[PDB]
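Trainee: Structure below; questions to follow.
Number of protein chains: 2
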Amino acid sequence: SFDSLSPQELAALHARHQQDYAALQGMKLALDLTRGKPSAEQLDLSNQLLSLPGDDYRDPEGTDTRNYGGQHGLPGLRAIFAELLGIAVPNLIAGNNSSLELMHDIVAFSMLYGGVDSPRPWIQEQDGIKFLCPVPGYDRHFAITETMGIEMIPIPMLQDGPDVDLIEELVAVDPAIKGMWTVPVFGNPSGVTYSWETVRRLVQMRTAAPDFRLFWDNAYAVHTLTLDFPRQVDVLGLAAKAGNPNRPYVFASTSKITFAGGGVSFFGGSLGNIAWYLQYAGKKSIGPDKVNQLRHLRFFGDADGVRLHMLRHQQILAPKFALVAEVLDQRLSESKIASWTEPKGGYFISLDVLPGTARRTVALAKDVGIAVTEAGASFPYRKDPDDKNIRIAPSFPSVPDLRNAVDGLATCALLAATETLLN
Amino acid sequence: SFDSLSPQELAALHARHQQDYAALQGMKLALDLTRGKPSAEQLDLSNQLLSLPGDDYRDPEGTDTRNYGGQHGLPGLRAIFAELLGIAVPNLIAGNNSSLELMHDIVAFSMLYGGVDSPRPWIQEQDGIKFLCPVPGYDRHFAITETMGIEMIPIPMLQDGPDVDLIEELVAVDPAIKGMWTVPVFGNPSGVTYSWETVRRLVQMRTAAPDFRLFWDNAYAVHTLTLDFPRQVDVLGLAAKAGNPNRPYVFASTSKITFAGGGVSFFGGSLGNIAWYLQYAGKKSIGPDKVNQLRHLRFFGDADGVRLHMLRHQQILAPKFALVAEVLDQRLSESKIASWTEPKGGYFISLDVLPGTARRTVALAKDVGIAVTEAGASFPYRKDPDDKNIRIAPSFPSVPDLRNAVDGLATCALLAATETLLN
Ligand SMILES: Cc1ncc(COP(=O)(O)O)c(/C=N/[C@@H](CC(=O)c2ccccc2N)C(=O)O)c1O
Ligand SMILES: Cc1ncc(COP(=O)(O)O)c(CN)c1O
Ligand SMILES: O=C(O)c1cc(O)c2ccccc2n1
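Protein chains in written order, with the authors' numbering: chain A, 2 to 424; chain B, 2 to 424.
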């Protein structure tokens, strides 16, 4: 254990780490733990999509999916995800291949036009616009707010959601706070799922801004690492009962169900928000790709079809997550320099190494050929005040590559730890 | 000859037309000439896309199209349209199913961020922003500028392009004019193709705004109604020789080549404009749908494959355009109340009836069950100052429906003419 270590014991331990690191570099590795994309083996599960939908190009309504028209998306596919998400079909639309693009356009519409009940477009707010950002969180959420000039306020994540006490306090006195980024199930990468009590408070709390929005990015809605699927909290129902029906914007995607970048996105909200979004989305496109929505409807068949498909993903992913946890445990637990999540779903593991050493750890790994996500990536402005957090993405590499990559990463974290202790 | 006539005879002809209109009212019609979309017969030409790409999900470069990554689009598909458009592959990207969406986002980026060489974002221009709009023009272009609060200035269309003399005088002295909408080949709905000399002048003219842009929406680039395809003028090359390389934004689409709403879009520009667009598009999406780009590349094979496919469209469309022309000629020519285009390509015929009667003509047709595009639809703010222009969309209906609909429209146009003449 490294808080109990003598001065000689630390110098010798640092020396052993130096040899481990020397040995590691001599292996000339070329490994990568940085992107959360499905493995080829996962993608193969959806290869039937590559020959679908075949000659019958009509959906169950009789719609010719090959021709212009229809902003809402195919109702038959929406009905499947309506069940999975617990959102009524009229409150859910299906888009193109990117939920991020839906999230981006909603922010852009808010800047240029204002939301459905905004006093003015957000670009006209002379004191600027703020979003609350539970951390660790999703760097592509932060990039959207950063690029639009929206200030980001980081919020600690707790076991069953973010720090709602803190959130409630900020929004009570600051009318400039217009939004909050969330991934409310198996968060990227905390792995935290918001409890019902957390959700109830977030949709009931009084906000100084009358048009405050929850960006409810349910990217991992069905993405279990066990054989159970999580119950979806009824965020839209709770918000309406609280008198804030327009507050949540719900997003989902099949990027990690079928093809990453070749899937279908979803947006859910109040009827007022659906009409608001479609009014402005109609200036941008005649409508989404109905053929790809038809392929997905034919492939899935129904919601049980999606569930069955997700357990097939789970059987591939779960051993990779178990391996990462075991390796971190065997290399790091005794030193007590680190801690990590053991998620029940989602695509990431969040590792905290010794404070003050995360950047160094990442740099050490890069010079032995192990690519590790940049330090601070899960924080707005890439600013991790403790310089401790590293994201690990287990999905893509083979099991043997994953073992080599995480064992090397652990070697780098230990040497970085002894380096800082000696100073 | 209506305009030279004899008052009881004018009254008698009006009585004649009324009998024609009563007859039309009997036939209990339900017809529609408003839909600029491919017929089901045209869409059938591309039904093999519904089973593509099949088992081989890799492009020629080995890219797994089922997984994340890559903003430019598949190089093999870009190479086909690079040849068709005369734009080098690095200067052309392929998007999702909507070129309109590319145009919208570029305008949105210009408002929020400014273009690559703008002095400031357009939303920071205290005197506002204007676009030049050749008329008749594309209403969805006008909807983008209208929704963004960009003032539109209509420009008369002439035989070989818009009124370049007028355009040159406006842009030289007004720094608020930032852009011009164009459809430079087979314009929607004028059918006018910009001449080589016109293109040359538009890319050389001095503009008061240093970041003036030509929105070069080449929607109908290969969409001939004869057995020959137009030359593509090298707008990007000519602009670069003029010292204005950033001036043109080129757009294209397969919406009327393969599936309308299920095709692939394209954006072309200087290397600076490509990098500028992708920088901000990268905040919106991880990237476009490579699998649909793969289906199109596999379906088309090469540029000659696209050309032959377009000739298959021409065989379906040309008799429909010929029928409309034949009916208008036989019913309206003697009266001299009207004139219409005879386009060599594109999707529309532009009809001018007697000035002051277009709104009435449309109402009369609707009241006998013939839906006709509303007066002013091809003008910014829906303002046709002469109340004469009607757009005809020949592509969608069957030959018998097209014949009945255009013949009905003529009766309404004739009846509307005699009404105003007696008044
Ligand atoms: C919470 C949340 N919301 C939306 C999305 C995007 O989903 P859409 O495809 O529908 O737009 C995500 C996805 N995250 C992944 C994927 C990712 O970034 C990535 C980026 C570049 C190259 C490869 C990649 N694998 C990651 O963080 O690595 C996400 O976690
Ligand atoms: C001139 C023009 N530009 C753009 C578009 C939009 O095409 P897309 O389907 O690629 O958005 C159309 C529709 N045919 C059009 O006529
Ligand atoms: O939904 C539509 O029917 C629609 C909308 C458009 O902008 C079109 C443009 C060109 C051609 C057909 C079009 N059709």
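Just so it is clear, CB atoms sit at the ideal spot from N, CA and C, and this is done for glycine as well.
Tell me the DSSP secondary structure of residue 430 (chain A) in three-state form.
Mentor: No information on residue 430 (chain A) is available, as it lies outside the stretch 2 to 424 that chain A covers here.
Trainee: State yes or no: is the C-beta of residue 200 (chain B) within less than 7 Å of the C-beta of residue 236 (chain B)?
Mentor: Counting from 1 along the second sequence, the entry for residue 200 (chain B) is found at position 199. Counting from 1 along the second sequence, the entry for residue 236 (chain B) is found at position 235. Yes, they are a contact pair.
Trainee: For a test of the three-state rule: what should DSSP assign to residue 282 (chain B), helix, strand or coil?
Mentor: Within the second sequence, residue 282 (chain B) is the residue found at index 281, counting from 1. Note: residue 282 (chain B) maps to helix in three-state DSSP.
Trainee: Can you tell me the Cβ-Cβ gap for residue 86 (chain A) and residue 269 (chain A), rounded? I've got them flagged as a contact below 8 Å.
Mentor: Looking up residue 86 (chain A) in the first sequence gives position 85. Looking up residue 269 (chain A) in the first sequence gives position 268. Yes, they are in contact, since the Cβ atoms of residue 86 (chain A) and residue 269 (chain A) sit about 6 Å apart, within 8 Å.
Trainee: Is any heavy atom in ligand 3 found nearer than 6 Å to the beta carbon of residue 69 (chain A)?
Mentor: Position 68 of the first sequence, counting from 1, holds the residue named residue 69 (chain A). Residue 69 (chain A): yes, Cβ under 6 Å from ligand 3.
Trainee: Quick one: using the 10 Å Cβ neighbour count with 16 as the cut-off for buried, is residue 277 (chain B) buried or exposed?
Mentor: The sequence position of residue 277 (chain B) within the second sequence is 276, counting from 1. Of the other Cβ atoms in all chains shown, 16 or more fall within 10 Å of the Cβ of residue 277 (chain B); this residue is therefore buried.
Trainee: Just to check, is the beta-carbon of residue 192 (chain B) closer than 6 Å to a non-hydrogen atom of ligand 3?
Mentor: Sequence index remark: in the second sequence, residue 192 (chain B) carries index 191 (1-based). Result no, Cβ not under 6 Å from ligand 3.
Trainee: Could you check which residue in B:92, B:84 and B:57 has the C-alpha nearest to that of residue 74 (chain B)?
Mentor: In the second sequence, residue 74 (chain B) corresponds to position 73, counting from 1. The residue with the shortest Cα to Cα distance from residue 74 (chain B) is B:92.
Trainee: Measure the C-alpha to C-alpha separation of residue 13 (chain A) and residue 157 (chain A) and round it to an integer number of angstroms.
Mentor: Counting from one through the first sequence, the residue named residue 13 (chain A) turns up at place 12. Counting from one through the first sequence, the residue named residue 157 (chain A) turns up at place 156. One C-alpha to the other measures close to 37 Å.
Trainee: Given that residue 107 (chain A) touches chain B, what residues does it touch there, using C-beta distances under 8 Å?
Mentor: Along the first sequence, one-based indexing puts residue 107 (chain A) at 106. Going along chain B, no residue has its Cβ under 8 Å from residue 107 (chain A), so there is no contact; the nearest lies around 11 Å.
Trainee: If you compare alpha carbons, which of A:396, A:205, A:114 and A:330 is closest to residue 322 (chain A)?
Mentor: What you label residue 322 (chain A) is simply residue 321 of the first sequence in a count that begins at 1. For residue 322 (chain A), the nearest C-alpha among the options comes from A:396.
Trainee: Determine whether the Cβ of residue 44 (chain B) lies closer than 7 Å to any Cβ atom of chain A.
Mentor: The sequence position of residue 44 (chain B) within the second sequence is 43, counting from 1. Closer than 7 Å to some Cβ of chain A, the Cβ of residue 44 (chain B) qualifies, so yes.
Trainee: For residue 425 (chain B), which option in A:46, A:51, A:49 and A:55 has the closest C-alpha, if you only look at C-alpha atoms?
Mentor: Lying outside 2 to 424, the shown extent of chain B, residue 425 (chain B) is not represented and no answer is given.
Trainee: Could you confirm whether any beta carbon from chain A is found closer than 7 Å to the beta carbon of residue 110 (chain B)?
Mentor: As a first step, residue 110 (chain B) is located in the second sequence; it is residue number 109 there, counting from the start. Taking Cβ atoms only, chain A never reaches closer than 7 Å to residue 110 (chain B), which makes this a no.
Trainee: So, at 6 Å on beta carbons, what are the nonlocal neighbours of residue 433 (chain A) in its own chain, with the 5 sequence-adjacent residues on each side left out?
Mentor: Coverage of chain A is limited to positions 2 through 424, which leaves residue 433 (chain A) absent and any answer about it impossible.
Trainee: One question on the structure: do residue 360 (chain B) and residue 376 (chain B) come within less than 7 Å of each other, judged by their Cβ atoms?
Mentor: Residue mapping note: residue 360 (chain B) aligns to position 359 of the second sequence, counting from 1. Residue mapping note: residue 376 (chain B) aligns to position 375 of the second sequence, counting from 1. Yes.
Trainee: Find the nearest neighbour of residue 398 (chain A) within the set A:126, A:39, A:339 and A:28, judged by alpha-carbon distance.
Mentor: Taking the first residue of the first sequence as position 1, residue 398 (chain A) is located at position 397. Checking every option, the nearest Cα to that of residue 398 (chain A) belongs to A:39.
Trainee: Does residue 358 (chain A) get closer than 7 Å to chain B when you measure Cβ to Cβ?
Mentor: Translated into positions along the first sequence, residue 358 (chain A) becomes position 357. So no, residue 358 (chain A) is outside the interface.
Trainee: Assuming residue 400 (chain B) and residue 329 (chain B) are in contact, meaning their beta carbons sit under 8 Å apart, how far apart are those beta carbons, in whole angstroms?
Mentor: In the second sequence, the residue the question calls residue 400 (chain B) occupies position 399. In the second sequence, the residue the question calls residue 329 (chain B) occupies position 328. In fact, because the Cβ distance is near 15 Å, the residues do not count as touching under 8 Å.
Trainee: With a threshold of 6 Å, establish whether the CB of residue 74 (chain A) neighbours any heavy atom of ligand 1.
Mentor: Taking the first residue of the first sequence as position 1, residue 74 (chain A) is located at position 73. Residue 74 (chain A): no, Cβ never under 6 Å from ligand 1.
Trainee: Taking 6 Å as the cut-off, is the CB of residue 281 (chain B) close to at least one heavy atom of ligand 1?
Mentor: Looking up residue 281 (chain B) in the second sequence gives position 280. No, the Cβ of residue 281 (chain B) stays beyond 6 Å of every heavy atom of ligand 1.
Trainee: With the cut-off set at 7 Å, would you say residue 184 (chain B) and residue 145 (chain B) are in Cβ contact?
Mentor: The residue given as residue 184 (chain B) occupies position 183 in the second sequence. The residue given as residue 145 (chain B) occupies position 144 in the second sequence. Contact: no.
Trainee: For residue 67 (chain A) and chain B, any beta-carbon pair shorter than 7 Å?
Mentor: Taking the first residue of the first sequence as 1, we reach residue 67 (chain A) at position 66. It does; some Cβ of chain B falls within 7 Å.
Trainee: Using the beta-carbon of each residue, which ones in chain B are nearer than 7 Å to residue 99 (chain A)?
Mentor: Within the first sequence, numbered from 1, the residue matching residue 99 (chain A) stands at position 98. Neighbours of residue 99 (chain A) on chain B, chain order: 286 and 287.
Trainee: Which of the residues in the region 290-303 of chain B, read from start to end, lie with their CB under 8 Å from any CB of chain A?
Mentor: 290, 291, 292 and 293
Trainee: In the structure shown, what three-state DSSP assignment does residue 152 (chain B) receive?
Mentor: Taking the first residue of the second sequence as 1, we reach residue 152 (chain B) at position 151. Assigned with DSSP and collapsed to three states, residue 152 (chain B) falls in strand.
Trainee: Using the three-state DSSP reduction, which class does residue 59 (chain A) fall into: helix, strand or coil?
Mentor: Position 58 of the first sequence, counting from 1, holds the residue named residue 59 (chain A). Residue 59 (chain A): strand per DSSP, three-state reduction.
Trainee: Flag this pair as yes or no: are the beta carbons of residue 231 (chain A) and residue 186 (chain A) separated by less than 7 Å?
Mentor: Locating residue 231 (chain A) in the first sequence gives position 230, where the first residue counts as 1. Locating residue 186 (chain A) in the first sequence gives position 185, where the first residue counts as 1. Cβ distance < 7 Å, so residue 231 (chain A) and residue 186 (chain A) count as in contact.
Trainee: With which residues is residue 251 (chain A) paired in a DSSP beta bridge?
Mentor: Within the first sequence, numbered from 1, the residue matching residue 251 (chain A) stands at position 250. The partner list for residue 251 (chain A) (beta bridge, DSSP) reads A:217 and A:269.
Trainee: Taking the beta carbon of residue 227 (chain B) as the centre, do at least 16 other beta carbons fall within 10 Å, making it buried, or is it exposed?
Mentor: Along the second sequence, read from residue 1 onward, the residue named residue 227 (chain B) stands at position 226. It is exposed - the Cβ of residue 227 (chain B) has fewer than 16 other Cβ atoms within 10 Å.
Trainee: Nearer than 6 Å: is that true of the beta carbon of residue 350 (chain B) relative to any heavy atom of ligand 3?
Mentor: Taking the first residue of the second sequence as position 1, residue 350 (chain B) is located at position 349. Every heavy atom of ligand 3 is 6 Å or more from the Cβ of residue 350 (chain B), so no.
Trainee: How many Å lie between residue 271 (chain A) and residue 249 (chain A) at the Cα?
Mentor: Within the first sequence, numbered from 1, the residue matching residue 271 (chain A) stands at position 270. Within the first sequence, numbered from 1, the residue matching residue 249 (chain A) stands at position 248. Here the alpha carbon of residue 271 (chain A) sits roughly 8 Å from the alpha carbon of residue 249 (chain A).
Trainee: In angstroms, rounded to a whole number, what distance separates the CA positions of residue 37 (chain A) and residue 4 (chain A)?
Mentor: Taking the first sequence and counting its residues from 1, one reaches residue 37 (chain A) at position 36. Taking the first sequence and counting its residues from 1, one reaches residue 4 (chain A) at position 3. Between residue 37 (chain A) and residue 4 (chain A), the C-alpha separation is close to 34 Å.
Trainee: Residues in the region 8-41 of chain B with C-beta within 7 Å of chain A's C-beta atoms, listed in sequence order?
Mentor: From the region 8-41 of chain B, only 38, 39 and 41 have a Cβ closer than 7 Å to chain A.
Trainee: Alpha carbon to alpha carbon, what distance is there between residue 172 (chain B) and residue 128 (chain B)?
Mentor: In the second sequence, residue 128 (chain B) corresponds to position 127, counting from 1. In the second sequence, residue 172 (chain B) corresponds to position 171, counting from 1. For residue 128 (chain B) and residue 172 (chain B), the distance between alpha carbons rounds to 15 Å.
Trainee: Can you tell me whether residue 1 (chain A) sits near ligand 2, meaning its C-beta is under 6 Å from at least one heavy atom of the ligand?
Mentor: Coverage of chain A is limited to positions 2 through 424, which leaves residue 1 (chain A) absent and any answer about it impossible.
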